[PDB]
Amino acid sequence: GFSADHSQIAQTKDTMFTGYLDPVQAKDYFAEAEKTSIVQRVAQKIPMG
Amino acid sequence: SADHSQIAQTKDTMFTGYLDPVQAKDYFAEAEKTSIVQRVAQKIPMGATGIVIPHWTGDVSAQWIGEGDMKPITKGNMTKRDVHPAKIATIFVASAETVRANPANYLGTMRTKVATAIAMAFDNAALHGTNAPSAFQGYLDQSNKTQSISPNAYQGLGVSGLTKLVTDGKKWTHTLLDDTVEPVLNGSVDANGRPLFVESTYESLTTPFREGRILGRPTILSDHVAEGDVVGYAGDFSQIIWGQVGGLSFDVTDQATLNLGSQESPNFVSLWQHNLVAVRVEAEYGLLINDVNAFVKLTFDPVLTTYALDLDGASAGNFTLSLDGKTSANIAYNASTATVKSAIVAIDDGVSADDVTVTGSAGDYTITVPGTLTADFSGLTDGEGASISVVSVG
Amino acid sequence: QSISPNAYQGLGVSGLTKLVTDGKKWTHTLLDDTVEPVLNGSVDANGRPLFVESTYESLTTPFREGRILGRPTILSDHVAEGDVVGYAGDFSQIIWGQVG
Amino acid sequence: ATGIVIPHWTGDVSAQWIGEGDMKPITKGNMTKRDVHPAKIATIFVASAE
Amino acid sequence: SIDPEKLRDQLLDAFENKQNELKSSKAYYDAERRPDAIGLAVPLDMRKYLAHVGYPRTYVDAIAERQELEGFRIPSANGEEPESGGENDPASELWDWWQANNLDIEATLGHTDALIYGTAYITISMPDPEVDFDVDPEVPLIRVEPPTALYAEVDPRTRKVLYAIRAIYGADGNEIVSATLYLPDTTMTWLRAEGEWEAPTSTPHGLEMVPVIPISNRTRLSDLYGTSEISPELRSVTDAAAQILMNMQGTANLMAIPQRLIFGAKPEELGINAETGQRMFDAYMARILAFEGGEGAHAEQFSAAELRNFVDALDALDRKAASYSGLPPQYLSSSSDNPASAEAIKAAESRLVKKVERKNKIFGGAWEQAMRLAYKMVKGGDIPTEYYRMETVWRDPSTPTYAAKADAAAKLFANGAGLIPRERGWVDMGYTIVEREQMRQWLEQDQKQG
Amino acid sequence: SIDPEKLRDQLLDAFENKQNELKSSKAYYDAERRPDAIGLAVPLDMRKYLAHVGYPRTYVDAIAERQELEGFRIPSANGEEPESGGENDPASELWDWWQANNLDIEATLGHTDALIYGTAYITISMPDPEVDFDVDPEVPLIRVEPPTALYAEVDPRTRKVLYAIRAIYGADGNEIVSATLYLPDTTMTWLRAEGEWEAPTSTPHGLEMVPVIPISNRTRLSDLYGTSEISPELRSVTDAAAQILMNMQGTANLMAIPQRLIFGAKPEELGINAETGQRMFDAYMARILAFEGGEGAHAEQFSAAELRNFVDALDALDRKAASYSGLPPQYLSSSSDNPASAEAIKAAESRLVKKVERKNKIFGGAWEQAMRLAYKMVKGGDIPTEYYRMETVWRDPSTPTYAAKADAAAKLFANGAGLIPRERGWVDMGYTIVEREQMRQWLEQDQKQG
Amino acid sequence: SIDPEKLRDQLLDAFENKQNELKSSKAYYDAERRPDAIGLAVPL
């Protein structure tokens with residue numbers, strides 16, 4: 001190939017294009033689901049003050 | 001132009017009798033190999049800039065407090081990763097006389113064959129390391145877990161293998177099997193010698209090979225998953241993302257010039273001045289396996305696993321090993337191959353010096369062991385790239 | 001390979017292994033009707049037959065010209081010769097023609 | 001009666017990962033053919049006109 | 001089912017493979033530089049002067065203009081005579097769509113491509129008025145597309161189109177700037193807007209058929225796909241005559257003039273300049289040359305080549321090209337006649353006329369089918385029974401002969417007392433469905449406005 | 001009875017044994033390369049330039065493009081409305097079926113295949129609406145198919161078909177992608193041959209007879225299958241003319257130029273470059289070449305071949321091709337006297353007209369048979385007694401000499417006083433059954449207006 | 001849309017380029033000199 005900022009040829013490697021071609025944000029494809037108490041699922045709830 | 005050319009085409013010997021009325025189709029044609037990775041993994045919207053995947057990391061917290069005991073302070077946290085698409089390409093070239101004649105539809109044949117080769121080049125760079133571009137992140141052969149399936153596939157997958165996933169807190173969501181696996185399913189029998197995975201009169205295919213479920217998980221077949229020791233995979237296939245920047249693209253010309261040698265050993269030829277016609281092909285792909293540890297390699301018989309281990313030139317502190325989740329003693333930053341060997345063989349699970357092998361030098365080791373080996377570098381005090389990974393060789 | 005002790009472990013396991021190890025398919029099996037005894041006599045370790053169901057009224061499934069492990073069976077009175085009593089493999093590898 | 005001939009494809013075609021500005025590789029697909037010819041089988045049987 | 005993303009690339013491959021066949025037939029119509037046309041006796045430095053033969057263009061152009069759609073006929077309930085009013089003759093609604101689409105231009109072009117390549121395609125849609133067409137929005141937008149820009153996979157079983165793509169190479173060069181995909185259920189389309197295909201626009205049609213109909217030049221049932229009108233025997237006499245013209249042109253430079261020699265004379269005694277090998281005297285007419293000649297010297301000449309010996313072959317080839325094509329004899333060469341009488345005209349034309357009758361019927365089948373599609377698509381519901389019994393109708397392919405026709409039709413009609421009803425006189429005189437409707441009004445006026 | 005699994009594979013064998021000989025008949029009409037067509041005097045490296053000839057296509061087109069079917073006529077014993085134009089009348093229903101299938105197009109192609117190959121097959125079904133056909137589903141679906149796609153074993157005794165198969169024969173490559181087997185009580189389709197045959201799907205039908213009927217080019221009664229119309233003489237005169245055309249062409253590239261020779265000079269005496277075997281010459285027209293010419297040098301020429309010596313033969317092959325085929329002499333020669341008058345046209349066409357009229361008589365018997373069989377499909381039962389006597393009608397094969405007929409009919413009819421009824425005048429003017437039944441309406445309008 | 005001045009320069013280029021096709025057809029209608037017309041037997 002060529003050096004970054006090779007003097008004769010413009011490439012997406014070149015320093016002059018920093019601040020452009022930045023990678024787009026995305027939603028978190030690996031996001032874990034949030035946890036919820038197992039004890040509150042099985043145990044009897046009672047009124048309390 | 002040359003003739004019988006090793007790269008071009010010039011009414012070459014391939015096309016002997018092309019015009020003859022006695023030439024029929026290839027009655028023995030073999031169907032095209034698709035990618036399977038592009039069929040099992042989640043396709044993501046992708047572009048020439050690449051993409052950023054954000055992830056949460058902070059251990060947000062609360063404490064129990066007595067009346068009037070003044071409350072604790074806490075802070076969240078989050079992080080960034082990014083993926084850039086790599087590019088794959090080829091050119092093919094023929095005399096204009098070959099393009100005029102189009103013998104055996106060679107041009108149309110060639111377009112569809114290179115399309116399969118580009119798909120397989122992606123696929124073989126994801127299931128294995130083969131010629132993979134620098135911009136892909138991970139490949140499944142790195143996974144550091146193995147399972148023999150051969151004596152009984154049910155004990156292999158659903159019990160022995162599945163244990164290795166759930167112990168690390170990893171899910172099992174799919175399994176992917178090569179065609180060569182089938183005899184082990186047919187040979188998986190109960191103690192009375194009746195097969196497990198098929199109904200009583202043995203008329204039909206065993207259920208995983210109908211693409212049926214095993215233990216609630218779907219089964220995916222392939223003609224071309226197996227390489228070296230490995231016949232298939234199991235794991236959390238939701239951990240894989242891939243994407244593509246626009247279609248498989250063809251451009252064509254006779255005007256241009258080609259180098260028939262390397263960039264440093266040039267041998268240029270004009271397409272125009274010889275009346276050759278050439279086709280450019282390109283595609284552009286991204287891949288990320290979010291956790292290489294979330295899979296199990298499937299093998300017929302049991303096998304040893306080989307690890308490369310590097311200490312980043314750290315000249316102080318002691319690391320430690322853990323094998324199938326059982327810890328060794330602590331080990332010095334410059335320990336000999338024999339000192340690492342004895343420190344591994346000392347692990348209480350029953351490893352022995354006829355199975356364990358170690359080779360290399362101080363801070364740079366290869367280890368062979370019958371299990372899931374891991375290492376902790378937190379006790380080193382002079383380097384931070386210190387790491388361990390699986391390696392595979394011819 | 002020999003189907004004599006137990007036809008299932010023959011055809012579907014040891015036999016198929018020696019095809020898929022070369023990457024070659026199994027798509028049909030051709031048997032001589034002299035194979036009928038060893039199919040009828042193919043049993044589990046309890047000595048009950050493999051292919052045919054309770055009270056043994058029916059003709060045995062492959063000899064009903066049924067498929068086994070998905071692949072069609074095909075039968076004749078005249079394919080046995082010496083030690084050989086049938087073939088299993090990819091019969092799509094055979095082509096033939098007649099000129100008038 | 002002149003038989004038949006059939007092609008087959010043998011071209012191990014290939015494509016390579018490349019960096020921006022790198023040299024594209026060049027590839028050629030390849031082929032072979034087989035011919036097949038028929039054969040006669042015969043007999044004659046003979047009887048008196050009576 | 002099929003994923004349209006892969007199906008785009010899958011059918012573009014077939015489309016671009018087809019172009020390598022069609023560029024053979026095009027080279028005969030466009031008179032391009034074929035290899036086999038280059039006449040062999042011409043020396044290598046003179047082979048720059050290509051000679052071209054017009055026969056393929058002459059034949060295709062003589063067929064293509066002689067066919068014009070005159071109208072549609074659709075049978076009424078009980079076989080009744082139609083009328084133009086409220087609850088219209090369906091003959092005029094289809095004609096209105098035809099005229100509003102300018103199809104009398106698009107079809108007279110598109111039939112030429114159907115003769116050259118053996119096929120062409122008719123495409124139907126409701127218009128997209130949000131694209132600013134300058135077209136009536138309440139007419140099914142019907143257009144013709146050539147096989148240089150559209151391809152369709154045809155079912156072996158039913159012969160219906162399975163799927164099709166229109167793909168446009170850009171204004172520069174040969175790179176696809178857009179593709180439009182015709183599924184049975186839906187049309188969808190992509191732009192290669194900046195170097196790769198943008199996300200697809202889509203539009204459902206819900207029909208049982210793809211909205212693309214192939215016109216095809218079928219000669220014979222065993223031609224399943226249609227084939228070029230520029231046939232192998234017409235190609236053969238074209239290329240053979242191109243070689244003869246080439247050799248005759250070369251002969252007319254090198255050989256048509258006798259070459260003069262002198263023998264025995266010693267070059268230095270003629271005063272030939274040894275610096276060049278040439279001395280040239282004044283060529284003015286009656287000057288006698290005197291030569292020493294003492295060596296027993298004398299003059300000799302190589303004769304001219306007789307150019308007539310090629311013209312005898314050029315005539316034999318024109319006479320053969322007339323036989324294969326059925327063009328009336330005077331179209332390829334002057335001959336024994338230039339038809340003197342209305343009979344002598346209709347005699348010579350008969351090959352060409354009966355050939356065009358076949359082209360009207362075979363293209364009529366596709367146009368009828370495209371109008372059934374356009375109705376089913378614009379009005380919804382289902383096609384009324386009579387449209388399955390529709391006929392296209394076309395102007396008489398023969399030369400107009402009006403002044404010899406009038407005496408016949410007037411003598412049959414005999415001022416209403418005669419053999420035929422007035423309306424059949426108007427039909428035999430050849431006035432179109434439109435021109436007869438105009439006369440129906442002028443005749444009504446002429447009974448009042450006396 | 002025979003198992004249809006076995007019968008299928010028996011019938012693909014018989015079918016493919018036919019295809020191998022049908023290749024020969026195709027090769028003349030498509031004008032493909034033939035071993036016997038290559039002109040021998042051409043040197044082997046120049047023999048790659050073929051030179052095809054149009055005689056056999058010209059004869060088959062001139063027949064097939066002259067035929068058109070008109071409305072069937074059914075007789076009616078004691079007929080109450082024997083004109084048969086009313087909505088109840090049986091001659092109309094067969095024309096609804098003819099129109100709705102567009103047999104007005106399909107038959108025109110199917111008659112070409114019946115002449116090229118000697119046969120074509122009519123095939124009949126009720127339409128399955130499960131296939132979404134472009135048809136009104138109460139009409140019987142009729143098609144005609146080439147002998148390259150359908151084969152049918154005729155019983156020698158009855159001349160009935162015993163059973164038949166249609167092979168749909170793939171996209172390209174002899175893959176029999178689907179097949180339809182016709183038996184007396186049932187039609188079956190072996191749905192696909194995708195890697196292997198699918199299981200069959202079957203439709204029963206009430207006929208005692210298979211729903212397939214042969215069009216056959218019956219030359220003579222002693223032929224019971226039908227023969228190609230490209231007859232052996234016309235094959236041989238085509239292959240004869242191909243060689244003459246090719247030898248004439250080769251002569252023009254090699255030998256229509258007289259070669260110039262010089263005898264009595266050593267090359268170095270001429271200053272010929274001995275290392276390369278030639279020297280350049282300034283060829284400009286007036287220049288005189290002086291040769292030193294010692295020891296009696298002189299110039300000679302080999303003569304040019306006279307290309308007219310082949311044109312003297314090509315006219316004889318054209319003259320024989322006309323006389324064998326019976327075409328008008330201006331279809332081959334392109335030079336013979338153009339018919340100046342209506343009588344001269346009537347004479348010159350006469351053998352072609354009688355040939356076409358005989359072909360109409362032979363092919364009528366196939367459609368006539370097919371319509372009888374289609375009646376038992378739609379209106380189940382035995383056929384009404386009148387249809388066994390039905391006739392096809394056909395356009396007159398001669399060129400439409402309208403102005404001559406138009407005077408003649410007026411003179412016969414004499415404004416209703418004359419020799420013939422009005423209806424006969426219309427018939428002798430040649431108007432179709434459809435156009436007459438429309439003229440019958442227009443005549444009421446001209447009586448009613450006063 | 002595009003800046004009128006930039007667009008003007010692009011179109012005047014395309015226009016002034018296109019002339020090299022057109023001037024070939026003019027040479028047949030106006031009967032200009034063209035090199036393929038010149039007969040070869042005539043001396044220079």
# chains A, B, ... in the order shown; residues from 1 in each chain; ligands from 1

$ interface_residues --of "chain B" --to "chain F" --cutoff "9 Å" --atoms "only C-alpha atoms" --output "PDB file with C-alpha atoms, in the first residue's frame"
ATOM      1  CA  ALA B  24     -23.951 -31.888 -22.404  1.00  0.00           C
ATOM      2  CA  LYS B  25     -24.104 -30.248 -18.921  1.00  0.00           C
ATOM      3  CA  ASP B  26     -22.056 -31.459 -15.969  1.00  0.00           C
ATOM      4  CA  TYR B  27     -24.402 -34.182 -14.626  1.00  0.00           C
TER       5      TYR B  27
END

$ closest_atom_pairs --of "range 98-209 of chain B" --to "range 21-29 of chain D" --cutoff "9 Å" --atoms "only C-alpha atoms" --output "Markdown table"
| residue | atom | partner | partner_atom | distance |
| --- | --- | --- | --- | --- |
| B:106 | CA | D:29 | CA | 8.6 |
| B:109 | CA | D:29 | CA | 8.9 |
| B:110 | CA | D:29 | CA | 6.6 |
| B:113 | CA | D:29 | CA | 8.4 |
| B:114 | CA | D:29 | CA | 8.9 |

$ atom_distance --atom1 "CA of residue 275 in chain E" --atom2 "CA of residue 289 in chain E"
23.2 Å

$ interface_residues --of "chain C" --to "chain B" --cutoff "7 Å" --atoms "only C-alpha atoms" --output "tab-separated table (two decimals) with N, CA and C atoms, in the first residue's frame"
chain	number	residue	atom	x	y	z
C	12	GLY	N	-25.56	-47.69	9.12
C	12	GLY	CA	-25.74	-46.31	9.57
C	12	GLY	C	-24.60	-45.72	10.37
C	13	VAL	N	-23.64	-46.53	10.82
C	13	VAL	CA	-22.54	-46.06	11.68
C	13	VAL	C	-21.19	-46.42	11.09
C	16	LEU	N	-21.43	-45.69	7.06
C	16	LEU	CA	-21.49	-44.27	6.76
C	16	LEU	C	-20.19	-43.54	7.12
C	17	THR	N	-19.51	-43.94	8.19
C	17	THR	CA	-18.23	-43.33	8.57
C	17	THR	C	-17.23	-43.35	7.42
C	20	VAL	N	-18.48	-40.48	4.70
C	20	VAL	CA	-18.33	-39.07	5.11
C	20	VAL	C	-16.88	-38.71	5.42
C	21	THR	N	-16.03	-39.66	5.79
C	21	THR	CA	-14.60	-39.40	5.98
C	21	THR	C	-13.90	-39.00	4.68
C	44	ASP	N	-31.64	-55.37	19.11
C	44	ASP	CA	-31.04	-54.69	20.25
C	44	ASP	C	-30.43	-55.71	21.23
C	45	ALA	N	-29.78	-55.24	22.30
C	45	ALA	CA	-29.19	-56.13	23.29
C	45	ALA	C	-30.22	-56.96	24.07
C	46	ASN	N	-31.49	-56.56	24.10
C	46	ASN	CA	-32.55	-57.40	24.65
C	46	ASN	C	-32.99	-58.49	23.66
C	50	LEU	N	-34.74	-54.58	15.59
C	50	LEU	CA	-34.64	-53.14	15.43
C	50	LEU	C	-35.75	-52.60	14.54
C	51	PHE	N	-35.82	-53.02	13.28
C	51	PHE	CA	-36.63	-52.33	12.28
C	51	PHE	C	-38.15	-52.47	12.42
C	52	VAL	N	-38.66	-53.58	12.95
C	52	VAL	CA	-40.09	-53.94	12.93
C	52	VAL	C	-40.72	-53.90	14.32
C	67	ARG	N	-37.62	-46.18	3.11
C	67	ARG	CA	-36.34	-45.57	3.46
C	67	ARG	C	-35.84	-46.04	4.83
C	68	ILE	N	-34.54	-45.94	5.06
C	68	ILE	CA	-33.90	-46.11	6.36
C	68	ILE	C	-32.96	-44.94	6.61
C	69	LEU	N	-32.94	-44.40	7.82
C	69	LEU	CA	-32.23	-43.16	8.15
C	69	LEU	C	-32.39	-42.08	7.06
C	70	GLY	N	-33.59	-41.94	6.51
C	70	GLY	CA	-33.92	-41.02	5.43
C	70	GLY	C	-33.64	-41.49	4.01
C	93	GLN	N	-23.88	-40.61	-8.71
C	93	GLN	CA	-22.63	-40.75	-9.44
C	93	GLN	C	-22.72	-41.71	-10.64

$ select_by_dssp --residues "range 35-136 of chain E" --states "strand (DSSP E)" --output "MDAnalysis selection string"
chainID E and resid 69:73 119:125

$ interface_residues --of "chain B" --to "chain A" --cutoff "12 Å" --atoms "only C-alpha atoms" --output "PyMOL selection string"
chain B and resi 41-57+78-85+170-171+236-242+262-264+288-291

$ interface_residues --of "chain E" --to "chain G" --cutoff "9 Å" --atoms "only C-alpha atoms" --output "list in words"
residues 48, 49, 252, 253, 254 and 257 of chain E

$ closest_residue --among "D:41, D:15, D:1, D:6" --to "chain C" --atoms "only C-alpha atoms"
D:1

$ select_by_dssp --residues "range 139-381 of chain B" --states "helix (DSSP H, G or I)" --output "ChimeraX atom specification"
/B:140-142,153-167,179-186,207-210,237-239,292-294,337-345

$ write_last_selection --atoms "C-alpha atoms" --output "CSV table (one decimal), in the first residue's frame"
chain,number,residue,atom,x,y,z
B,140,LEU,CA,-14.4,-18.9,17.2
B,141,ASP,CA,-11.3,-21.3,17.2
B,142,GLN,CA,-9.9,-19.0,20.0
B,153,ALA,CA,-23.5,-37.2,21.6
B,154,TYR,CA,-26.2,-36.6,24.4
B,155,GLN,CA,-23.6,-37.0,27.2
B,156,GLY,CA,-21.2,-35.0,25.1
B,157,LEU,CA,-23.4,-31.9,24.4
B,158,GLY,CA,-26.2,-31.8,26.9
B,159,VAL,CA,-24.1,-32.7,30.0
B,160,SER,CA,-20.3,-32.6,29.7
B,161,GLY,CA,-20.2,-29.8,27.2
B,162,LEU,CA,-23.1,-27.7,28.6
B,163,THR,CA,-21.3,-27.7,32.0
B,164,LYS,CA,-18.4,-25.8,30.6
B,165,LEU,CA,-20.6,-22.9,29.4
B,166,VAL,CA,-22.9,-22.5,32.5
B,167,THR,CA,-19.9,-22.6,34.9
B,179,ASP,CA,-21.9,-32.9,7.7
B,180,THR,CA,-19.1,-35.2,8.9
B,181,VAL,CA,-20.7,-35.3,12.4
B,182,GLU,CA,-23.7,-37.5,11.3
B,183,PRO,CA,-22.2,-41.0,12.1
B,184,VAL,CA,-21.8,-40.0,15.8
B,185,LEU,CA,-25.5,-39.1,16.1
B,186,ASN,CA,-26.5,-42.3,14.4
B,207,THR,CA,-33.8,-35.1,14.6
B,208,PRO,CA,-30.7,-32.7,14.8
B,209,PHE,CA,-30.1,-33.5,11.0
B,210,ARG,CA,-33.7,-32.4,10.2
B,237,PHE,CA,-24.5,-17.3,19.0
B,238,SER,CA,-26.2,-14.0,20.1
B,239,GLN,CA,-22.7,-12.7,20.9
B,292,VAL,CA,-14.7,-15.5,22.5
B,293,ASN,CA,-15.0,-17.5,25.7
B,294,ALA,CA,-18.8,-18.1,25.1
B,337,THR,CA,9.8,-23.8,31.2
B,338,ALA,CA,10.6,-26.6,33.8
B,339,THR,CA,9.4,-24.4,36.7
B,340,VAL,CA,6.1,-23.6,34.8
B,341,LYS,CA,5.7,-27.3,34.0
B,342,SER,CA,6.1,-28.4,37.7
B,343,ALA,CA,3.8,-25.5,38.8
B,344,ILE,CA,1.1,-26.7,36.4
B,345,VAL,CA,1.6,-30.5,37.3

$ closest_atom_pairs --of "chain D" --to "chain B" --cutoff "9 Å" --atoms "only C-alpha atoms" --output "Markdown table"
| residue | atom | partner | partner_atom | distance |
| --- | --- | --- | --- | --- |
| D:2 | CA | B:22 | CA | 8.1 |
| D:3 | CA | B:22 | CA | 7.2 |
| D:4 | CA | B:22 | CA | 5.0 |
| D:5 | CA | B:23 | CA | 4.8 |
| D:6 | CA | B:24 | CA | 5.4 |
| D:7 | CA | B:26 | CA | 5.4 |
| D:8 | CA | B:26 | CA | 5.8 |
| D:9 | CA | B:29 | CA | 8.2 |
| D:11 | CA | B:113 | CA | 8.8 |
| D:12 | CA | B:117 | CA | 8.8 |
| D:13 | CA | B:114 | CA | 6.3 |
| D:14 | CA | B:117 | CA | 6.1 |
| D:15 | CA | B:90 | CA | 4.9 |
| D:16 | CA | B:88 | CA | 5.5 |
| D:17 | CA | B:88 | CA | 4.3 |
| D:18 | CA | B:87 | CA | 5.7 |
| D:19 | CA | B:87 | CA | 6.9 |
| D:20 | CA | B:87 | CA | 8.0 |
| D:23 | CA | B:263 | CA | 7.1 |
| D:24 | CA | B:90 | CA | 5.8 |
| D:25 | CA | B:90 | CA | 5.3 |
| D:26 | CA | B:91 | CA | 4.6 |
| D:27 | CA | B:92 | CA | 5.2 |
| D:28 | CA | B:7 | CA | 5.9 |
| D:29 | CA | B:110 | CA | 6.6 |
| D:30 | CA | B:14 | CA | 6.8 |
| D:31 | CA | B:14 | CA | 5.4 |
| D:32 | CA | B:14 | CA | 6.1 |
| D:33 | CA | B:14 | CA | 8.1 |
| D:35 | CA | B:23 | CA | 8.9 |

$ write_last_selection --atoms "N, CA and C atoms" --output "tab-separated table (two decimals), in the first residue's frame"
chain	number	residue	atom	x	y	z
D	2	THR	N	-22.41	-41.75	-31.70
D	2	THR	CA	-21.11	-41.08	-31.55
D	2	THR	C	-20.73	-40.77	-30.09
D	3	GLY	N	-21.49	-41.23	-29.10
D	3	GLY	CA	-21.21	-40.98	-27.69
D	3	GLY	C	-21.63	-39.60	-27.20
D	4	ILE	N	-21.08	-39.19	-26.07
D	4	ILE	CA	-21.37	-37.93	-25.39
D	4	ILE	C	-20.12	-37.43	-24.67
D	5	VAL	N	-20.02	-36.13	-24.41
D	5	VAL	CA	-18.92	-35.53	-23.66
D	5	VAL	C	-19.46	-34.56	-22.62
D	6	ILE	N	-18.86	-34.52	-21.44
D	6	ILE	CA	-19.32	-33.71	-20.31
D	6	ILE	C	-18.18	-32.91	-19.70
D	7	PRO	N	-18.39	-31.63	-19.37
D	7	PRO	CA	-17.40	-30.80	-18.70
D	7	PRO	C	-17.44	-31.04	-17.19
D	8	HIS	N	-16.45	-30.51	-16.49
D	8	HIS	CA	-16.43	-30.36	-15.04
D	8	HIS	C	-15.57	-29.15	-14.66
D	9	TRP	N	-15.84	-28.53	-13.52
D	9	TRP	CA	-15.12	-27.33	-13.07
D	9	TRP	C	-14.08	-27.68	-12.01
D	11	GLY	N	-11.51	-25.11	-11.15
D	11	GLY	CA	-10.90	-23.83	-10.78
D	11	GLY	C	-11.01	-23.54	-9.30
D	12	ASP	N	-9.89	-23.62	-8.59
D	12	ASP	CA	-9.76	-23.14	-7.22
D	12	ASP	C	-9.63	-21.61	-7.22
D	13	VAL	N	-10.71	-20.92	-7.58
D	13	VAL	CA	-10.74	-19.45	-7.63
D	13	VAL	C	-10.52	-18.84	-6.25
D	14	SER	N	-9.96	-17.64	-6.19
D	14	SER	CA	-9.60	-17.02	-4.91
D	14	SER	C	-9.72	-15.50	-4.89
D	15	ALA	N	-9.86	-14.96	-3.68
D	15	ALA	CA	-9.97	-13.54	-3.38
D	15	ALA	C	-9.29	-13.26	-2.03
D	16	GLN	N	-8.73	-12.06	-1.86
D	16	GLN	CA	-7.87	-11.74	-0.72
D	16	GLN	C	-8.36	-10.50	0.00
D	17	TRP	N	-8.18	-10.45	1.31
D	17	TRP	CA	-8.37	-9.22	2.06
D	17	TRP	C	-7.30	-8.21	1.68
D	18	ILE	N	-7.68	-6.95	1.52
D	18	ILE	CA	-6.78	-5.87	1.08
D	18	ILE	C	-6.99	-4.61	1.90
D	19	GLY	N	-5.93	-3.84	2.12
D	19	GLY	CA	-6.03	-2.50	2.69
D	19	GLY	C	-6.41	-1.47	1.63
D	20	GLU	N	-6.88	-0.31	2.05
D	20	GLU	CA	-7.15	0.80	1.14
D	20	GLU	C	-5.85	1.21	0.42
D	23	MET	N	-2.67	-3.54	-3.74
D	23	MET	CA	-2.75	-4.27	-5.00
D	23	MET	C	-3.88	-5.30	-4.98
D	24	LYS	N	-4.87	-5.22	-5.87
D	24	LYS	CA	-5.78	-6.36	-6.06
D	24	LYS	C	-5.08	-7.57	-6.67
D	25	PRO	N	-5.36	-8.80	-6.21
D	25	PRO	CA	-4.86	-10.02	-6.82
D	25	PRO	C	-5.61	-10.35	-8.11
D	26	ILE	N	-5.09	-11.30	-8.89
D	26	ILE	CA	-5.69	-11.76	-10.15
D	26	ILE	C	-5.89	-13.28	-10.10
D	27	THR	N	-7.03	-13.79	-10.54
D	27	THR	CA	-7.43	-15.21	-10.41
D	27	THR	C	-7.96	-15.79	-11.71
D	28	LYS	N	-7.81	-17.10	-11.92
D	28	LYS	CA	-8.32	-17.81	-13.10
D	28	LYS	C	-9.01	-19.11	-12.72
D	29	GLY	N	-10.28	-19.25	-13.09
D	29	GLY	CA	-11.00	-20.52	-13.00
D	29	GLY	C	-10.58	-21.48	-14.11
D	30	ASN	N	-10.74	-22.78	-13.88
D	30	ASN	CA	-10.20	-23.86	-14.70
D	30	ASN	C	-11.22	-25.00	-14.87
D	31	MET	N	-11.08	-25.81	-15.91
D	31	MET	CA	-12.07	-26.82	-16.29
D	31	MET	C	-11.42	-28.09	-16.83
D	32	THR	N	-12.18	-29.17	-16.89
D	32	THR	CA	-11.80	-30.43	-17.53
D	32	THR	C	-13.00	-31.06	-18.22
D	33	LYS	N	-12.80	-32.08	-19.05
D	33	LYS	CA	-13.89	-32.82	-19.70
D	33	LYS	C	-13.62	-34.31	-19.80
D	35	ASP	N	-15.23	-37.88	-22.03
D	35	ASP	CA	-16.09	-38.45	-23.07
D	35	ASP	C	-16.49	-39.90	-22.76

$ atom_distance --atom1 "CA of residue 314 in chain E" --atom2 "CA of residue 56 in chain F"
23.0 Å
